[PDB]
Every structure is written in structure tokens, then in C-alpha cells.
Amino acid sequence: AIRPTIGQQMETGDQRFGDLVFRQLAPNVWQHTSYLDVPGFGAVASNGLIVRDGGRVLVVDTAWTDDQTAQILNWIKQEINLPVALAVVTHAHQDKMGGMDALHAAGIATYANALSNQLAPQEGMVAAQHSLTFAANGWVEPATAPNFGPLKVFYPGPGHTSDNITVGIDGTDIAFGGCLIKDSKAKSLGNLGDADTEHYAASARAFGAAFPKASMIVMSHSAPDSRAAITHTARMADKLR
Ligand SMILES: CC1(C)S[C@H]([C@H](NC(=O)[C@H](N)c2ccccc2)C(=O)O)N[C@H]1C(=O)O
């Protein structure tokens, strides 16, 4: 088993595949988990999603690296055997966009916040091939997110980064907060180096209001949690201002 220094541990319901871990969350949704080995510190887990939508699959976030992201595509090929139509990546940091080149080599259409694509070169990332844009209330402009099936993309405002986006899975009670949301038992909001400490609390709450009936909150570095992940994150963020 993989025992990361940071990130959730393995429990019943987890499938080890190569260097990665997969967990079924719903009949059509799986969480992918990949691990960055930090020398002298140990492994840091990062989570994303895989969603089946009829005869195709949709991905949220890459793994940390190209090779790990290729392993995600191999797991999808083995376990689902349907083509990946597109991937949405949730901001320009390594845990979310480190594996773009693997997606592109596979011919998968990639989407990110226009701002994430603009920041990518400055963050040592490769931009997605398509840019999402957002309304004044945070909802994605639908013309920029064609054929997204159940993925409902919401920009909650600046928080963990200025470009962080979130994704609800329509037809389920699952919503994905990425690195913006930490779990209900977290001590810290994680890396605040690129964070907006003034607006973080409002952005966390806006995510909760965007998906008000999501009962399972998925996030980058903990196991899926209740809505208390959202409220606890917001309460921690209240202390930043
Ligand atoms: C788990 C993290 C504390 S690190 C990760 C991200 N950092 C990276 O992807 C870095 N490339 C990195 C550097 C050193 C060690 C691990 C990751 C960030 O800055 O938000 N997301 C952070 C977070 O979600 O709070």
C-alpha cells in the first residue's frame, strides 16, 4: 500500500494500479490519486476525477506528472474501455496540470480557465488547448464548454489561487473543489503562496452556493467529505482577513 505523508490513506474500496490509486465514488464517477515523492518528506497525494458519460469518459485534473497521467489513461482503457473526450484542469499548478503533455499525446481535448492558460508558462506548465471563460457570477460561459455532458464548471472567485475553478457532476450529488477546499478536519489551508487571502472565504462559500445539494465534496488532498469541508474551509479562511 501507498502511505503518503500528505493526502488520504488507503481504505477499503481503493484499487492500486501501477503507482496510482482509484476509488469508485458513484456508478459513473471515480477518483484518481497520484503521488509526488518529495525528497526527504515523502509522498504527497493529489486527487482528480474520472466520469463516464454514455460512450465516453471525461477527466478532471491531470496527475502530478506525464507518466502518472498516462497511467490514468491506461486504467481507463483497462477498466472502462471508452475514449476520453476531454479533460478539465482546475488551475495552473503541478498537481492539477503537471501531466498535460500526456493528455495531448493521447489526442484528448483539454480545457482550463483562460487565466490558467495565461499563467501556465509562468508556472512551468503547458496550457490547455482551449480556454474557459466565466460570467460575473462565476458560471462558465457555455459556448466555451461545448459538449461537457454532466460537468458543470464554476469559477468561485480567487482563493487558493486567482484562477482556481471547481466542477459539479450533474446527475450526481458530487462536486469537486480541487485545492480550494480542504477537509472538515484540516488544520491548514495548504499553500497560501499564490492565494488571495482577502477573498478566499467568500470564494469557498460561493462554491458551496453553486452546488447547494452536493453532499459529497471531493478535493485535491483528502478523501471525499461532507459539506463540512466547505464550511470548515470558509471558517479557516475567515481568519485570513
Ligand atoms: C498540497 C499543496 C500544499 S502543494 C500543491 C501546489 N504545489 C505544487 O504543485 C508544487 N509544484 C509543489 C512543490 C513542492 C512540493 C509539492 C508540490 C500548490 O502550490 O498549490 N497544492 C497545495 C494545496 O493544495 O494547498
# chains A, B, ... in the order shown; residues from 1 in each chain; ligands from 1
>>> residues_near_ligand(ligand="ligand 1", cutoff="7 Å", atoms="only C-alpha atoms and all ligand atoms", output="number ranges by chain")
A: 36, 38, 44, 93-95, 179-180, 189-193, 220-221
>>> closest_atom_pairs(of="segment 58-133 of chain A", to="segment 20-23 of chain A", cutoff="8 Å", atoms="only C-alpha atoms", output="tab-separated table")
residue	atom	partner	partner_atom	distance
A:68	CA	A:20	CA	7.3
A:71	CA	A:20	CA	7.6
A:72	CA	A:20	CA	7.7
>>> atom_distance(atom1="atom CA of residue 219 of chain A", atom2="atom CA of residue 177 of chain A")
5.1 Å
>>> select_by_dssp(residues="segment 98-165 of chain A", states="strand (DSSP E)", output="PDB file with C-alpha atoms, in the first residue's frame")
ATOM      1  CA  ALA A 109      -9.058  17.918 -25.908  1.00  0.00           C
ATOM      2  CA  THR A 110      -8.007  19.957 -22.875  1.00  0.00           C
ATOM      3  CA  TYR A 111      -9.806  22.870 -21.203  1.00  0.00           C
ATOM      4  CA  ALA A 112      -8.789  25.294 -18.455  1.00  0.00           C
ATOM      5  CA  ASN A 113      -9.720  28.762 -17.216  1.00  0.00           C
ATOM      6  CA  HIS A 130      -8.953  25.536 -25.046  1.00  0.00           C
ATOM      7  CA  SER A 131      -9.898  28.364 -22.715  1.00  0.00           C
ATOM      8  CA  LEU A 132     -12.945  28.549 -20.492  1.00  0.00           C
ATOM      9  CA  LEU A 151     -19.520  18.578 -15.963  1.00  0.00           C
ATOM     10  CA  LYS A 152     -20.788  21.909 -14.624  1.00  0.00           C
ATOM     11  CA  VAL A 153     -17.832  24.272 -14.306  1.00  0.00           C
ATOM     12  CA  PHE A 154     -17.929  27.113 -11.758  1.00  0.00           C
TER      13      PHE A 154
END
>>> atom_distance(atom1="atom CA of residue 239 of chain A", atom2="atom CA of residue 174 of chain A")
27.5 Å
>>> closest_residue(among="A:10, A:140, A:2, A:105", to="residue 210 of chain A", atoms="only C-alpha atoms")
A:140
>>> residues_around(residues="residue 119 of chain A", least_positions_apart="3", cutoff="12 Å", atoms="only C-alpha atoms", output="ChimeraX atom specification")
/A:91-93,97,112-116,122-128,161-164,194
>>> write_last_selection(atoms="C-alpha atoms", output="PDB file, in the first residue's frame")
ATOM      1  CA  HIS A  91      -5.625  25.679 -12.105  1.00  0.00           C
ATOM      2  CA  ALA A  92      -2.002  26.175 -13.204  1.00  0.00           C
ATOM      3  CA  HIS A  93      -0.094  24.236 -10.536  1.00  0.00           C
ATOM      4  CA  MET A  97      -1.700  20.413 -14.750  1.00  0.00           C
ATOM      5  CA  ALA A 112      -8.789  25.294 -18.455  1.00  0.00           C
ATOM      6  CA  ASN A 113      -9.720  28.762 -17.216  1.00  0.00           C
ATOM      7  CA  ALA A 114      -8.325  31.283 -19.743  1.00  0.00           C
ATOM      8  CA  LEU A 115      -6.347  32.699 -16.797  1.00  0.00           C
ATOM      9  CA  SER A 116      -4.844  29.272 -16.045  1.00  0.00           C
ATOM     10  CA  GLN A 122       4.953  31.287 -15.703  1.00  0.00           C
ATOM     11  CA  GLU A 123       4.250  28.159 -13.643  1.00  0.00           C
ATOM     12  CA  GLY A 124       6.281  25.745 -15.786  1.00  0.00           C
ATOM     13  CA  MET A 125       3.046  24.190 -17.124  1.00  0.00           C
ATOM     14  CA  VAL A 126       1.764  23.590 -20.654  1.00  0.00           C
ATOM     15  CA  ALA A 127      -1.516  25.453 -21.332  1.00  0.00           C
ATOM     16  CA  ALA A 128      -4.695  23.573 -22.133  1.00  0.00           C
ATOM     17  CA  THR A 161      -5.157  30.866  -6.496  1.00  0.00           C
ATOM     18  CA  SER A 162      -6.780  33.557  -8.619  1.00  0.00           C
ATOM     19  CA  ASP A 163      -7.517  31.018 -11.369  1.00  0.00           C
ATOM     20  CA  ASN A 164      -8.920  28.112  -9.322  1.00  0.00           C
ATOM     21  CA  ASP A 194      -0.367  32.278  -4.571  1.00  0.00           C
TER      22      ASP A 194
END
>>> residues_around(residues="residue 215 of chain A", least_positions_apart="3", cutoff="6 Å", atoms="only C-alpha atoms", output="count of residues only")
3
>>> residues_around(residues="residue 224 of chain A", least_positions_apart="3", cutoff="12 Å", atoms="only C-alpha atoms", output="VMD selection string")
chain A and resid 7 to 9 23 to 26 30 to 33 47 to 49 173 to 178 181 to 185 214 to 221 227 to 230
>>> closest_residue(among="A:223, A:108, A:63, A:73", to="residue 35 of chain A", atoms="only C-alpha atoms")
A:63
>>> atom_distance(atom1="atom CA of residue 14 of chain A", atom2="atom CA of residue 88 of chain A")
23.4 Å
>>> closest_residue(among="A:13, A:107, A:4, A:27", to="residue 43 of chain A", atoms="only C-alpha atoms")
A:4
>>> residues_around(residues="residue 50 of chain A", least_positions_apart="4", cutoff="6 Å", atoms="only C-alpha atoms", output="list in words")
residues 29, 30, 58 and 59 of chain A
>>> write_last_selection(atoms="C-alpha atoms", output="compact mmCIF listing (two decimals), in the first residue's frame")
# COMPACT_ATOMS: atom_id res chain seq x y z
CA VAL A 29 -17.53 8.56 -11.11
CA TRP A 30 -14.08 7.53 -9.91
CA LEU A 58 -14.35 12.91 -19.04
CA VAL A 59 -11.38 13.73 -16.81
>>> closest_residue(among="A:199, A:77, A:16, A:104", to="residue 240 of chain A", atoms="only C-alpha atoms")
A:199
>>> closest_residue(among="A:106, A:1, A:237, A:204", to="residue 188 of chain A", atoms="only C-alpha atoms")
A:237
>>> closest_residue(among="A:236, A:136, A:102, A:84", to="residue 200 of chain A", atoms="only C-alpha atoms")
A:236
>>> residues_around(residues="residue 81 of chain A", least_positions_apart="5", cutoff="10 Å", atoms="only C-alpha atoms", output="ChimeraX atom specification")
/A:55-57,73-76
>>> decode(residues="segment 153-178 of chain A", atoms="N, CA, C and O atoms", output="tab-separated table (two decimals), in the first residue's frame")
chain	number	residue	atom	x	y	z
A	153	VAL	N	-19.04	23.58	-14.76
A	153	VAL	CA	-17.83	24.27	-14.31
A	153	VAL	C	-18.19	25.63	-13.70
A	153	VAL	O	-18.96	26.41	-14.29
A	154	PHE	N	-17.63	25.90	-12.52
A	154	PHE	CA	-17.93	27.11	-11.76
A	154	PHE	C	-16.63	27.75	-11.26
A	154	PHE	O	-15.80	27.07	-10.66
A	155	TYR	N	-16.44	29.04	-11.54
A	155	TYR	CA	-15.31	29.79	-11.01
A	155	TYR	C	-15.79	30.54	-9.77
A	155	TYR	O	-16.60	31.46	-9.89
A	156	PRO	N	-15.30	30.15	-8.58
A	156	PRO	CA	-15.91	30.68	-7.35
A	156	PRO	C	-15.32	32.02	-6.92
A	156	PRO	O	-15.85	32.62	-5.98
A	157	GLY	N	-14.29	32.50	-7.62
A	157	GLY	CA	-13.55	33.68	-7.22
A	157	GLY	C	-12.17	33.27	-6.73
A	157	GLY	O	-11.88	32.09	-6.51
A	158	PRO	N	-11.29	34.26	-6.54
A	158	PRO	CA	-9.92	33.95	-6.11
A	158	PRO	C	-9.89	33.37	-4.71
A	158	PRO	O	-10.62	33.84	-3.82
A	159	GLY	N	-9.02	32.39	-4.50
A	159	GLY	CA	-8.92	31.75	-3.20
A	159	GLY	C	-7.56	31.11	-3.04
A	159	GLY	O	-6.58	31.80	-2.75
A	160	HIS	N	-7.50	29.79	-3.23
A	160	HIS	CA	-6.22	29.12	-3.25
A	160	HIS	C	-5.28	29.73	-4.32
A	160	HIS	O	-4.10	29.96	-4.05
A	161	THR	N	-5.83	30.04	-5.50
A	161	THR	CA	-5.16	30.87	-6.50
A	161	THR	C	-6.21	31.78	-7.11
A	161	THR	O	-7.42	31.61	-6.87
A	162	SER	N	-5.80	32.72	-7.95
A	162	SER	CA	-6.78	33.56	-8.62
A	162	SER	C	-7.50	32.83	-9.74
A	162	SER	O	-8.57	33.27	-10.15
A	163	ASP	N	-6.93	31.73	-10.23
A	163	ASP	CA	-7.52	31.02	-11.37
A	163	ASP	C	-8.27	29.75	-11.00
A	163	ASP	O	-8.84	29.11	-11.90
A	164	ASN	N	-8.31	29.39	-9.72
A	164	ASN	CA	-8.92	28.11	-9.32
A	164	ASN	C	-10.37	27.98	-9.79
A	164	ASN	O	-11.19	28.88	-9.59
A	165	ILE	N	-10.69	26.83	-10.39
A	165	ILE	CA	-12.06	26.54	-10.78
A	165	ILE	C	-12.54	25.24	-10.11
A	165	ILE	O	-11.73	24.48	-9.55
A	166	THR	N	-13.85	25.02	-10.14
A	166	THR	CA	-14.49	23.89	-9.47
A	166	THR	C	-15.45	23.24	-10.45
A	166	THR	O	-15.83	23.84	-11.45
A	167	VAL	N	-15.84	22.00	-10.17
A	167	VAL	CA	-16.67	21.26	-11.12
A	167	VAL	C	-17.72	20.43	-10.37
A	167	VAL	O	-17.37	19.59	-9.53
A	168	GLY	N	-18.99	20.67	-10.68
A	168	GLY	CA	-20.06	19.81	-10.19
A	168	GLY	C	-20.36	18.72	-11.20
A	168	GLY	O	-20.20	18.94	-12.40
A	169	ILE	N	-20.77	17.55	-10.71
A	169	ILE	CA	-21.13	16.48	-11.61
A	169	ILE	C	-22.65	16.36	-11.62
A	169	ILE	O	-23.26	15.84	-10.69
A	170	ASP	N	-23.26	16.91	-12.65
A	170	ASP	CA	-24.72	16.89	-12.78
A	170	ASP	C	-25.23	15.45	-12.82
A	170	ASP	O	-24.55	14.57	-13.34
A	171	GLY	N	-26.40	15.21	-12.24
A	171	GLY	CA	-26.93	13.86	-12.17
A	171	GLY	C	-26.33	13.03	-11.05
A	171	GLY	O	-26.56	11.83	-10.97
A	172	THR	N	-25.54	13.68	-10.20
A	172	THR	CA	-24.98	13.06	-9.01
A	172	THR	C	-25.03	14.08	-7.89
A	172	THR	O	-25.36	15.24	-8.12
A	173	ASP	N	-24.69	13.66	-6.69
A	173	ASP	CA	-24.57	14.59	-5.57
A	173	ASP	C	-23.10	14.90	-5.24
A	173	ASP	O	-22.75	15.19	-4.09
A	174	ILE	N	-22.25	14.88	-6.27
A	174	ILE	CA	-20.81	15.09	-6.12
A	174	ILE	C	-20.38	16.43	-6.69
A	174	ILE	O	-20.78	16.80	-7.80
A	175	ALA	N	-19.54	17.16	-5.96
A	175	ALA	CA	-18.91	18.36	-6.50
A	175	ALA	C	-17.44	18.36	-6.11
A	175	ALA	O	-17.07	17.90	-5.04
A	176	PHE	N	-16.61	18.88	-7.01
A	176	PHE	CA	-15.16	18.86	-6.87
A	176	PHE	C	-14.62	20.26	-6.61
A	176	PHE	O	-14.78	21.16	-7.45
A	177	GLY	N	-13.96	20.44	-5.47
A	177	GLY	CA	-13.41	21.74	-5.12
A	177	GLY	C	-11.93	21.92	-5.41
A	177	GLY	O	-11.40	23.00	-5.19
A	178	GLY	N	-11.26	20.88	-5.89
A	178	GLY	CA	-9.83	20.97	-6.15
A	178	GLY	C	-9.05	21.38	-4.92
A	178	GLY	O	-9.34	20.90	-3.82
